[PDB]
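Okay, so here's the structure we're looking at.
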Amino acid sequence: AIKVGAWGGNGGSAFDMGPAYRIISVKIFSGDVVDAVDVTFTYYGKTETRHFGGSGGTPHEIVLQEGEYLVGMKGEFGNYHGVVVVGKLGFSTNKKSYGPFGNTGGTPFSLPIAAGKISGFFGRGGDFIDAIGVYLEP
Amino acid sequence: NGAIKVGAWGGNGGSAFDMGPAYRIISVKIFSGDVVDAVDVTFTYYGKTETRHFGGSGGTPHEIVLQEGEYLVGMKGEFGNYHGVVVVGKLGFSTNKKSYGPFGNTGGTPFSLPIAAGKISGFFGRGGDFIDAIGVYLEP
Ligand SMILES: [Zn+2]
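Each protein sequence line maps, in turn, to chains A and B. For the first sequence, the deposited numbering assigns the number 4 to the initial residue and increments by one for each residue that follows. For the second sequence, the deposited numbering assigns the number 2 to the initial residue and increments by one for each residue that follows.
What follows is the structure, encoded as structure tokens:
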């Protein structure tokens with residue numbers, strides 16, 4: 004299985020949501036900085052939820068359809084009052100293109116998947132979403 | 002043909018190239034000056050061992066020799082406007098042993114691909130006078 008990343012800092016303890024059969028929705032909580040993310044997905048028969056990061060920020064739901072896939076991830080990670088975190092996080096599907104969300108510029112990164120799909124998340128979480136990473140599969 | 006391709010980072014100018022996946026990247030040669038001109042990639046395809054010639058002519062050659070059991074596990078660089086043309090201006094690779102580059106002297110909007118689990122098995126992207134964009138095939 005393929006993992007790229009993670010982009011960001013080192014704060015907090017790690018997470019590894021593992022590959023899903025299909026991502027159903029990603030909800031991104033952001034303010035100044037990207038606080039957190041919610042991923043709902045099917046998993047070997049079971050509809051399953053995980054939350055990544057801390058509380059608060061305004062949420063924005065990315066809802067994935069039948070044909071709709073996570074095909075790209077762009078964001079900027081910077082240093083926010085003493086802590087290196089995801090300042091802006093954005094996603095794109097084969098149908099639309101979301102965000103990015105968050106108001107703290109920094110060192111950017113883009114991950115455009117020309118062939119394949121994002122199907123997982125592994126990273127590090129704190130009071131804000133410290134660093135995010137992706138499981139890739141075709 | 003269950004391929005994972007991520008990229009390409011850079012411009013939109015210039016003709017496309019795609020070396021597919023390989024069985025074994027043998028050696029990569031980056032041609033660079035101010036910018037990244039080019040990349041020569043030698044690899045074993047199926048039976049035979051070709052080398053493909055992507056990018057331009059100029060700059061100095063840079064030869065990343067690979068040992069048996071050394072894999073490309075990371076690519077980073079920057080891309081920017083260089084004489085009215087957006088090309089990759091920096092580029093750097095890192096294997097499970099050593100970490101090569103960066104080559105080229107021009108800076109711009111940066112990119113990074115740290116591979117936590119997996120490896121680089123072939124390039125795609127766009128060429129011309131310099132390399133405008135470079136992409137990459139992934140496999141575990
Ligand atoms: Zn050549």
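We put the beta carbon where it would ideally sit given N, CA and C, even for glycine.
Nearest-angstrom Cβ-Cβ length linking residue i and residue j, presumed shorter than 8 Å
i              : j          : result
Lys-91(B)      : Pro-103(B) : 5 Å
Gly-136(A)     : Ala-118(B) : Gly-136(A) to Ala-118(B), Cβ: 10 Å. No contact.
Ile-65(A)      : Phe-44(A)  : Incorrect: roughly 12 Å between the Cβ atoms, too far for contact.
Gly-109(B)     : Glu-140(B) : That pair is no contact at about 29 Å.
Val-86(A)      : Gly-11(A)  : So it is not a contact: roughly 10 Å between Cβ atoms.
residue 155(B) : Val-42(B)  : Because residue 155(B) is not part of the residues shown, which for chain B are 2 to 141, the question remains open.
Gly-60(A)      : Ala-39(A)  : 7 Å
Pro-22(B)      : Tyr-138(B) : 5 Å
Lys-30(A)      : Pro-62(A)  : 5 Å
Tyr-83(A)      : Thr-107(A) : 6 Å
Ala-17(B)      : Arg-127(B) : 5 Å
Residue i Cβ short of 7 Å to ligand 3 heavy atom set
i         : result
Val-42(A) : Among the ligands present in this structure, namely ligand 1, ligand 3 is not found.
When the Cβ atoms of the stretch 110 to 119 of chain B are set against those of the stretch 29 to 46 of chain B, are three or more pairs found closer than 8 Å?
No contact exists between the stretch 110 to 119 of chain B and the stretch 29 to 46 of chain B.
Hey, which residues come within less than 6 Å of ligand 1, measuring from Cβ to any heavy atom, in chain order?
Per the Cβ criterion, the list is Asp-41(B), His-54(B).
Which runs of the beta strand (DSSP E) spanning at least 3 residues fall entirely within the stretch 41 to 126 of chain A, listed in chain order?
Look at the stretch 41 to 126 of chain A and you find these whole runs of beta strand (DSSP E), each 3 residues long or longer: 49 to 56, 61 to 66, 73 to 83, 86 to 96, 100 to 104, 110 to 118.
Can you find at least 3 beta carbon pairs, one from the stretch 60 to 77 of chain A and one from the stretch 21 to 33 of chain B, that sit closer than 8 Å?
Note that the stretch 60 to 77 of chain A does not touch the stretch 21 to 33 of chain B; fewer than 3 beta-carbon pairs, one per stretch, sit closer than 8 Å.
Could you check whether the stretch 124 to 139 of chain A touches the stretch 44 to 63 of chain A, counting it as contact only if at least three pairs of C-beta atoms, one from each stretch, sit closer than 8 Å?
Cβ pair count under 8 Å is three or more, so yes.
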